[PDB]
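The lines below spell out each chain.
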Amino acid sequence: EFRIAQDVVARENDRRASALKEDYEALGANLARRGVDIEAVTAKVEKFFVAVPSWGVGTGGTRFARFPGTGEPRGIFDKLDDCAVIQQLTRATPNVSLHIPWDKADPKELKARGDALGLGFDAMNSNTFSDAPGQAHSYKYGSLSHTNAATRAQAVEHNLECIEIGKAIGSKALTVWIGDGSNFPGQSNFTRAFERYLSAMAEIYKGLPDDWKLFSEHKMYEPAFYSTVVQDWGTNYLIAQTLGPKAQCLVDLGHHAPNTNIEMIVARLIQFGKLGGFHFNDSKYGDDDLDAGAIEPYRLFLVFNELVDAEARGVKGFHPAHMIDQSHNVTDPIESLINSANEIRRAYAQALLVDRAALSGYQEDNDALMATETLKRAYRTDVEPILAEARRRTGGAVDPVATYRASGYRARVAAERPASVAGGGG
Amino acid sequence: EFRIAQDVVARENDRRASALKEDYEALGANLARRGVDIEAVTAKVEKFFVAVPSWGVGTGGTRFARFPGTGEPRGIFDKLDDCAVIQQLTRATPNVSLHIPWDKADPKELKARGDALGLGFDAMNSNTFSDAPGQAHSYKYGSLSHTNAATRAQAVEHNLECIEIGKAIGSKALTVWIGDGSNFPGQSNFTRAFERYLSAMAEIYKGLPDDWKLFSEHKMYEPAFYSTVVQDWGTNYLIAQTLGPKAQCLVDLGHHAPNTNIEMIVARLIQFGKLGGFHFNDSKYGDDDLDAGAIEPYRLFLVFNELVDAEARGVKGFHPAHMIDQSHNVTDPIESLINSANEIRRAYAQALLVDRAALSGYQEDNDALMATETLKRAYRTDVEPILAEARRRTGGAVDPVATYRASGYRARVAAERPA
Amino acid sequence: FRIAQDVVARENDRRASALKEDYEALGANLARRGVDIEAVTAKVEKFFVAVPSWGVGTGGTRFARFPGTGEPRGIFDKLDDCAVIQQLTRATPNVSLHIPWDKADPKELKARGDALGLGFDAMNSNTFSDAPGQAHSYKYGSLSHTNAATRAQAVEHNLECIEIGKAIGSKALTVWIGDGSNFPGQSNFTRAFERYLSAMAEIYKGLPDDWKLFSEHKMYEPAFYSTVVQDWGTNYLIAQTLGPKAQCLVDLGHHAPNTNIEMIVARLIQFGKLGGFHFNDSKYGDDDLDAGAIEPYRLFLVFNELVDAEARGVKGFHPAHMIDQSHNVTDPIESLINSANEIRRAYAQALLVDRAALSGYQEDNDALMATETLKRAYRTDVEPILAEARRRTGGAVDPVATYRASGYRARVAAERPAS
Amino acid sequence: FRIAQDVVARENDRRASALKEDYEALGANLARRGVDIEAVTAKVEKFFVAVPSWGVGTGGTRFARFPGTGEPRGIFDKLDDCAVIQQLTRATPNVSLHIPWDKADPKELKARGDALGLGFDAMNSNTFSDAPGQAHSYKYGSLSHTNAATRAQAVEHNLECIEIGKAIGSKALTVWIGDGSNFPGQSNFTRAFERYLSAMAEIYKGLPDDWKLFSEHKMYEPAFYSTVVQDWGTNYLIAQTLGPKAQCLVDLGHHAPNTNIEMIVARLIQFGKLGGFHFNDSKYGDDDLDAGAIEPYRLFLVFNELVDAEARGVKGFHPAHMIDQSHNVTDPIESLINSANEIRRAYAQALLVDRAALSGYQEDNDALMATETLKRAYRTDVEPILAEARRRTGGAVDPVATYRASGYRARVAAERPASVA
Ligand SMILES: O=C[C@H](O)[C@H](O)[C@H](O)[C@H](O)CO
Ligand SMILES: O=C[C@H](O)[C@H](O)[C@H](O)[C@H](O)CO
Ligand SMILES: O=C[C@H](O)[C@H](O)[C@H](O)[C@H](O)CO
Ligand SMILES: O=C[C@H](O)[C@H](O)[C@H](O)[C@H](O)CO
Ligand SMILES: [Zn+2]
Ligand SMILES: [Zn+2]
Ligand SMILES: [Zn+2]
Ligand SMILES: [Zn+2]
Ligand SMILES: [Zn+2]
Ligand SMILES: [Zn+2]
Ligand SMILES: [Zn+2]
Ligand SMILES: [Zn+2]
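Rules and cut-offs
- Residues numbered from 1 in each chain as written, not as in the entry; some residues may be left out.
- Chains lettered and ligands numbered in written order.
- Heavy atoms only, no water.
- Helix = DSSP H or I, 4+ residues; strand = E, 2+ residues; numbered from the N terminus.
- Buried < 20%, exposed > 50% of the residue type's maximum accessible area, 1.4 Å probe, protein only.
- Contact = heavy atoms within 4.5 Å.
- Areas by Shrake-Rupley, 256 points an atom, 1.4 Å probe, with all protein chains shown as cover.
- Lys, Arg positive; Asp, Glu negative; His and termini not counted.
- Charge placed at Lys NZ, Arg CZ, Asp CG, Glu CD.
- UniProt positions renumbered as here; feature names shortened; annotations may be inferred.
- Near = heavy atom within 4 Å.
- Polar contact = N/O pair within 3.5 Å; in protein donor to acceptor, adjacent residues only side chain to side chain.
- Nonpolar A, V, L, I, M, F, W, Y, C, P; charged D, E, K, R; others polar.
- Buried area = accessible area lost by both parts, 1.4 Å probe.
- Salt bridge = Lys/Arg side-chain N within 4 Å of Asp/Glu carboxyl O.
- Donors = N, O, S within 2.8 Å, 3.2 Å for Na, K, Ca; no water.
- Axes fitted to C-alpha atoms, helices over the stretch in contact; angles between N-to-C directions.
- Parallel < 35°, antiparallel > 145°, perpendicular 65-115°, else oblique.
- Left-handed = near helix turned anticlockwise from the far one by under 90°.
- Pairing = 2+ DSSP bridges.
- Right-handed = clockwise from strand over helix to strand, strands pointing away.

Looking only at helices and strands, chain C has 15 helices and eleven strands in total. Its C-alpha atoms give chain C principal-axis dimensions of about 65 × 60 × 40 Å. Considering chain C as a whole, with its 419 residues, one finds that 68% of them fall into the buried category. Once local pairs closer than 6 in sequence are excluded, the contacts in chain C between residues at least 24 apart make up 78%. When the accessible area of chain C is evaluated, it comes to approximately 13,700 Å², of which 50% is carbon and sulfur surface. Averaging the locations of the 47 positively and 55 negatively charged side chains of chain C gives two centres separated by 2 Å.

This is how it looks when you write it as structure tokens:
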């Protein structure tokens with residue numbers, strides 16, 4: 001099944017083929033003079049994948065308003081159809097991350113559709129930061145760390161159910177992010193709340209298959225505006241170390257305090273074997289959830305520099321579960337995810353260009369200037385040709401968004417899906 | 001009419017009257033030893049009012065969820081009834097701030113309900129940061145600064161409508177806060193978007209009554225996550241200055257960058273005559289919209305210190321509009337607004353205690369330690385007795401929240417209103 | 001006696017009447033709240049915080065240093081000044097030394113301390129600056145420097161600090177270093193940390209059985225891109241890796257903007273790694289300002305966590321309390337006096353918190369009453385308690401005013417030549 | 001010449017081949033994009049940024065200063081090192097002086113500058129530190145100090161800076177002061193600012209007809225509670241109040257965390273008060289790190305605003321750019337060289353933006369394509385352009401490599417005595 005007509009992809013690829021060959025060959029020659037085999041780089045890029053969030057193909061909003069576009073997906077099945085477009089064009093997003101109960105449906109169907117669309121399933125995502133219809137206990141004052149035992153049990157039960165759904169569709173991990181925290185000093189006893197969280201998470205841990213992982217995700221604030229139980233990587237580390245070997249930490253780019261050195265957190269988690277994976281996006285003020293690399297592309301590169309450094313050396317078990325976690329409020333969700341997945345592969349490719357041996361030498365000699373310049377020589381390289389050729393060689397589009405717009409896909413689904421209404425948030 | 005039974009108020013006041021007399025008399029003796037007449041302070045405190053936001057009367061939420069409590073107001077009229085409780089108990093919130101179209105309803109009836117409940121109306125608040133039913137042009141990419149002329153005109157017209165509603169109920173000001181901005185570099189041309197905004201605001205100013213003020217509110221980010229047209233007080237000053245004498249700047253405490261010295265911004269605006277008013281609330285991370293003084297009470301005091309100093313310096317024509325702008329996500333909105341109004345009067349009261357003569361002396365002599373200690377001697381003073389007595393003498397409750405709960409008001413409206 | 005006893009007596013008597021009135025008034029108010037003021041005063045008078053030897057001299061920035069008169073010429077003058085702080089506040093019996101700044105014959109330091117009635121807190125090592133005759137520079141790091149010989153030199157320096165501390169009565173070594181990078185790529189984050197861990201393991205081996213090793217994290221400065229011990233997470237990994245004797249020190253001004261510092265304190269306590277505190281205040285970065293001068297509520301909330309620990313019955317909880325400030329525009333002695341006072345102030349207020357009520361409100365998720373329970377304690381002016389604690393222990397009712405009446409500064413100015 | 005010509009020629013020839021390949025390849029790619037590489041290079045070789053005389057010496061923090069070898073002592077040694085940066089990058093023909101640090105006979109300063117092929121940019125006054133024999137201390141402020149005699153002393157000092165500047169070819173005075181408070185209540189915000197404005201009015205009166213007075217805002221440090229000239233808002237009030245010759249200086253690292261600095265640049269340009277931009281980079285505060293070493297995209301976004309205005313020559317838009325950094329762990333000359341390079345890099349990339357296309361995507365509210373239009377320019381590796389520009393103007397293809405090959409540092413190390421060694 002091809003969401004995007006093959007004729008359109010071929011047409012748009014041929015229209016740009018000539019320019020691509022010129023740019024690829026020019027870059028190839030430049031890299032050659034730099035002792036780098038462009039083909040080796042392209043080969044790895046072609047194999048780099050990042051999961052797409054099911055809740056990301058729909059238009060997002062803020063607490064102030066939501067301005068939906070046309071052809072908004074009705075549910076998981078429409079979302080999968082849309083995710084298929086992203087994968088077909090970029091070839092960098094073969095897997096989709098589901099969120100329950102948003103995407104709750106017959107596991108068999110989900111699996112059937114994914115298979116037909118050529119999509120797999122990444123980490124499951126539980127939802128105890130909002131109340132569902134007919135829910136017995138409200139999560140207003142928390143969930144896994146709520147002071148009421150019944151509420152915690154209900155939360156634990158929900159997460160276990162997410163694991164059951166995941167096993168039936170091919171998932172191998174559960175990502176746990178909660179809003180648990182407080183808005184006022186004194187409202188929560190920091191320690192007791194955390195103790196309650198660890199005990200509940202230990203219950204969820206018991207329901208994990210032997211080849212499954214449990215990812216806890218920290219966030220400094222929002223929805224909690226005074227304190228958050230899992231507020232930073234420090235608390236996250238304590239959680240993972242306490243729960244067990246299958247418990248690891250997820251680092252979401254926009255979940256840190258202003259000016260935080262995020263790439264260091266990545267290196268620390270790697271050093272202690274607790275880097276479960278990433279949640280890519282970009283930001284300038286808070287948890288903005290913007291398109292990856294749209295605000296600080298260098299920071300994205302620096303994070304990948306830590307990832308590649310580890311990938312280059314003795315790769316223990318190092319297999320971080322990478323996923324995109326963004327909100328598209330003023331763009332066509334599909335186009336944003338396409339360029340975001342592209343930016344991630346861009347950062348990765350540039351990180352692969354780093355002369356590791358030279359960098360090591362400058363680090364040992366404390367030649368700070370040359371060390372940073374060694375990183376910049378890689379970062380400054382325009383690897384777009386590598387990314388475009390990788391897509392072309394794997395059945396993708398040279399220029400994904402251009403092909404997407406040429407296909408008229410959005411107008412198509414807009415004519416098949418019911419209209420949406422603009423609204424608020426809170 | 002009284003939303004809260006008068007016998008409950010009297011009862012809960014008598015129950016605490018003895019202790020209050022003890023604390024008030026003790027504080028009185030302490031202030032007298034400091035050369036301060038406690039009566040002069042109480043008199044000023046009972047005259048300090050801050051407007052309550054109609055949109056803060058119902059439970060608030062985030063982009064992740066909203067967890068409504070019981071007895072949620074069904075509309076503006078229920079909201080006015082709840083606002084009447086806040087005023088009755090604290091006596092510090094006689095006026096309500098309306099937001100259109102959220103509170104759109106027959107102005108004539110709003111006025112009638114207000115008068116009956118003993119409530120007045122503060123500044124009107126326009127809303128072009130969200131789309132309304134049947135709206136011709138979406139504000140997705142902006143409003144007053146939108147690239148499309150027809151959209152900007154529609155936004156201007158909406159603001160003029162807000163003025164018409166306000167004139168009918170006795171409002172004398174229009175506050176304009178928009179989300180206009182960009183989420184990506186390059187999406188907007190900073191200068192052209194600002195030029196469009198200035199031109200639209202000029203049209204609104206043209207339609208502003210000569211007995212009204214026009215307040216522009218700056219905000220660093222949210223809903224825009226890369227750039228915001230009216231992002232800080234600098235741009236806000238340029239706006240007010242450009243528009244005219246009737247245009248001023250509104251300062252919302254949670255709308256500034258991390259570590260910003262907000263009290264300095266307040267002083268700067270006062271010095272150049274553009275401090276239109278305040279939107280009180282507290283915060284720790286961003287525009288958290290938490291109960292005022294719940295996070296950084298000293299900062300709140302420092303802001304009031306600049307307000308009181310303005311009077312001491314002889315600044316004239318200075319009558320800032322005071323308004324609360326908060327979101328109550330995990331508490332009873334009424335109780336939060338009650339304690340927030342209380343906290344604001346608390347900071348004001350402490351600012352009144354500052355020995356201006358001593359402070360001035362320490363500032364001229366560059367005695368930093370004693371200057372800061374002079375501020376602390378005021379801030380460290382527990383003025384709760386003054387706050388409680390002010391309420392008691394004006395028909396309010398010694399302990400507002402305690403009386404509120406003792407009245408069972410929440411359960412009452414929970415029964416009258418759906419779930 | 002650094003300050004004449006007749007001066008202390010005279011100033012105490014001059015303020016005795018007002019102290020009596022305020023204390024008794026507060027005593028009655030607390031009694032009505034079910035609190036025994038005598039019990040609070042008894043604990044307050046036993047709360048001690050170490051004074052930094054390096055804080056008695058005027059501090060500066062990279063732009064300039066503006067010394068005052070009578071700057072101490074060395075460690076002995078510094079101890080003399082520290083004795084003034086202790087005599088007047090009775091809250092700072094111990095001094096924290098820094099090597100090599102305070103290097104001197106251990107026997108003489110001990111003798112001077114005993115003579116002045118002062119003890120010694122944790123020793124502090126210095127590998128963030130180069131001393132004369134140093135075989136290796138710390139320009140690119142110390143304990144984590146790529147060069148093995150440089151790390152060895154840093155280790156030996158720390159071992160020397162322990163030897164000095166053992167001779168004077170110290171029972172801990174605090175390690176803060178500037179190690180980090182100013183450019184991406186300059187350092188391999190993991191290898192630099194591994195080098196640090198190896199060096200610290202060596203230092204740990206030289207620890208007596210009753211000693212502790214405190215590592216102090218800092219987000220930035222002097223390193224402006226990355227810092228090896230950048231936050232509490234890395235700090236926890238250090239203490240856990242080193243062993244039972246290794247704990248973490250939390251310096252209030254060393255965290256990222258908006259960080260919830262009190263939570264960090266609670267987390268470290270829960271896992272038994274809260275070695276101690278470095279008290280100070282700040283608004284922008286590691287400003288090192290007088291404790292409580294900027295965010296007094298935050299200071300109170302940190303103490304609320306320390307007191308709750310005691311309430312929860314945490315076993316063997318004896319954090320080391322120390323002031324770590326820089327006094328750039330005030331008399332260092334006066335700032336340390338009022339800073340020690342602010343710390344006792346926040347501690348006293350934390351003791352006033354009705355834990356029983358708080359426990360109930362936290363259980364029932366009554367956020368508003370829970371926060372109001374904390375506020376009822378924080379808003380209480382405990383100055384009378386602090387003042388009476390000093391009176392009873394031979395200190396001054398108003399420390400700074402007594403200091404000024406003594407003419408001490410002028411005295412030492414005439415005795416000490418400016419360099 | 002500070003650096004031997006044969007060394008420059010040798011290191012250029014060594015890299016000439018690869019440069020031709022890369023330059024011709026980029027010229028071809030740009031041609032396909034409808035851009036003439038030559039037009040970009042012609043402008044790049046004419047883009048200059050002043051080097052701070054105080055930037056060639058090793059910087060330090062309040063904890064320590066770790067000097068390298070051959071540290072320049074005094075303005076003459078400093079000019080000698082600044083000449084190296086200019087000869088190799090050809091992007092820093094002018095030096096910014098600081099008084100009293102660089103105090104010396106004007107005639108001699110002018111002579112040494114002409115001899116080295118260096119001019120002089122804005123003068124920089126210093127009332128944030130006390131000089132020996134000073135009548136009044138600046139401990140509690142300078143231009144806004146409560147003591148009248150102290151303000152008068154600060155004003156006279158600034159006037160003296162103007163006199164020195166007039167004698168050496170300078171056409172502006174930059175005023176950055178530490179004035180502020182470390183404690184609430186210590187200063188009366190309004191009165192302090194009034195005193196400042198009054199003192200600046202006096203300095204303004206001493207300005208020649210063709211001179212400019214630049215005020216520089218800073219959120220904090222050395223003042224840790226409040227700063228008189230804390231941000232661009234206050235800065236704008238200053239410039240607007242003083243007159244046509246007064247403008248604002250924007251120092252990248254002087255803003256609150258997460259501030260949108262490029263917007264501040266746009267606002268000032270719109271109102272004709274952008275006097276100049278002080279380049280450096282940062283991650284935490286006023287770190288004063290090498291430009292573009294931390295956030296190169298932000299630097300590009302700032303230049304996007306500059307180029308936009310430079311193309312439409314806005315009224316009052318003639319910014320005086322300068323590098324204002326502190327080099328604590330690198331060879332200062334090498335950092336200034338690579339920082340000047342980064343500045344021209346961001347300038348070159350901003351010059352590549354398809355303004356027509358961008359304006360089109362902005363009007364249609366196509367946020368994705370608008371941001372991608374900026375990225376297409378930013379992702380372009382313009383090093384071949386910067387290198388050819390240097391090669392054509394007498395500089396080095398690879399500045400730092402040529403500097404190291406010359407052995408300059410070892411040379412001045414042998415000529416200048418270190419404190420110990
Ligand atoms: O802020 C929320 C985190 O990003 C979580 O990963 C969350 O579940 C996700 O964003 C979906 O809302
Ligand atoms: O963030 C928005 C500002 O606080 C405005 O005053 C706004 O109108 C108010 O918050 C209502 O949502
Ligand atoms: O910032 C440095 C830390 O506070 C250290 O404790 C340091 O040793 C202290 O400031 C004295 O320099
Ligand atoms: O921080 C100070 C500013 O950068 C000034 O421009 C200053 O004159 C220079 O950087 C050094 O004093
Ligand atoms: Zn996430
Ligand atoms: Zn998030
Ligand atoms: Zn507001
Ligand atoms: Zn707001
Ligand atoms: Zn410290
Ligand atoms: Zn510090
Ligand atoms: Zn500067
Ligand atoms: Zn600076």
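Still more ground to cover, so stick around.
Mapped onto this structure's residue numbering, the UniProt feature "binding site: Mn(2+) 2" (unreviewed entry) falls at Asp252, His255, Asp287 and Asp289 of chain B. On the basis of their most widely separated C-alpha atoms, the annotated residues across 38 residues gather in one place, lying no more than 9.5 Å apart. In this fold, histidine 255 of chain B is placed in the loop between β9 (247-252) and α8 (262-271). What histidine 255 of chain B contacts, discounting residues up to four positions off in sequence, is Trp177, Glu217, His218, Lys219, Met220 and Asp287 of chain B. Residue placement: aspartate 287 of chain B occurs in the loop between β10 (275-280) and α9 (297-312). Residue classification places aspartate 287 of chain B among the buried positions, given a relative accessible area of 11%. Excluding its chain neighbours within four sequence positions, the residues that come into contact with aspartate 287 of chain B are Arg63 of chain A together with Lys219, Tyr221, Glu222, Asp252, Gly254 and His255 of chain B.

Residues in contact with ligand 2, as listed here, are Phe64 of chain A together with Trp55, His99, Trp102, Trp177, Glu217, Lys219, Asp252, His255, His279, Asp287 and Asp325 of chain B. Looking at the residues close to ligand 2, they fall on chains A and B. Between an oxygen atom of ligand 2 and a side-chain N or O atom of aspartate 252 of chain B, the distance comes to 3.2 Å. Taking 320 Å² as the accessible area of ligand 2 by itself, protein coverage stands at 96%. The residue makeup of the shell around ligand 2, split by class, is four nonpolar, three polar and five charged.

Let us now look at the site of ligand 3. Taken together, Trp54, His98, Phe128, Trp176, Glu216, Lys218, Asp251, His254, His278, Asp286 and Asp324 of chain C together with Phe63 of chain D make up the full set of residues near ligand 3. Taken together, the residues near ligand 3 originate from chains C and D. Between ligand 3 and the protein, one listed contact pairs an oxygen atom with a side-chain N or O atom of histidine 254 of chain C at 3.3 Å. Within the side chain of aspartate 324 of chain C, an N or O atom sits 2.5 Å from an oxygen atom of ligand 3. For ligand 3, whose free accessible area comes to 310 Å², the fraction covered by protein is 95%.

Glancing now at the interface of chain D and chain C. Many analyses report the size of an interface as the accessible area lost when the parts associate. Taken together, the 42 residues of chain D in the interface contact 42 residues of chain C. Of the roughly 3,800 Å² buried where chain D meets chain C, counting both sides, 66% is carbon and sulfur surface. The three residues of chain D that bury the most area against chain C are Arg62, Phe66 and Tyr284 of chain D, which together make up 21% of that side's buried surface. Put simply, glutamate 221 of chain D and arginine 62 of chain C hold a salt bridge, and the shortest N to O gap is 3.0 Å. At the boundary of chain D with chain C, the tally comes to eleven residue pairs in polar contact. Its residues assigned to classes, the side of chain D that touches chain C shows 21 nonpolar, eleven polar and ten charged.

As a further point, take the coordination of the zinc ion (ligand 12). Residues and elements named next belong to chain D. Distances from the zinc ion (ligand 12) to its protein donors, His254 (NE2), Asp286 (OD) and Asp286 (OD), fall within 2.2 to 2.7 Å. Here the zinc ion (ligand 11) and the zinc ion (ligand 12) are spaced 4.6 Å from one another. Within this pair, whereas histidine 254 is found in the loop between β8 (246-251) and α8 (261-270), its partner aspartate 286 is found in the loop between β9 (274-279) and α9 (296-311), the two being separated by 32 residues in sequence. Assessed through its relative accessible area of 6%, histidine 254 is described here as buried.

On to the packing of helix α3 (residues 76-90) of chain A against helix α10 (residues 333-352) of chain A. Residues and elements named next belong to chain A. Relative orientation of the contacting elements α3 and α10 amounts to 40°, with a least axis distance of 10 Å. Comparing the axis directions of α3 and α10 gives the class oblique. Crossing of α3 over α10 shows right-handed handedness. On α10, the residues that touch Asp82, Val85, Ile86, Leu89 and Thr90 of α3 are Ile334, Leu337, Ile338, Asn342 and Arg345. Residues of the contact of α3 with α10, tallied by class, amount to six nonpolar, two polar and two charged.

Tracing the chain through its elements places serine 336 of chain B in helix α10 (residues 333-353). Apart from residues no more than four positions distant in its own chain, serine 336 of chain B is found in contact with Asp291, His328 and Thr331 of chain B together with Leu368 of chain C.

So, on to the pairing of strand β4 (residues 172-175) of chain D. Residues and elements named next belong to chain D. Burial along β4 is two-sided: the face carrying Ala172 and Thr174 and the face carrying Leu173 and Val175 are both buried. Judged from the two bridges that link them, strand β3 (residues 119-124) and β4 form a sheet pairing that is parallel. The residue bridging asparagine 124 from the neighbouring strand is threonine 174, located in β4. Regarding topology, helix α5 (residues 148-168) serves as the crossover connection from β3 to the parallel β4, and that connection is right-handed. Across four bridges, β4 lies against strand β6 (residues 212-216) in parallel orientation. Across the sheet, the residue bridging to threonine 174 is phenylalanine 214, located in β6.

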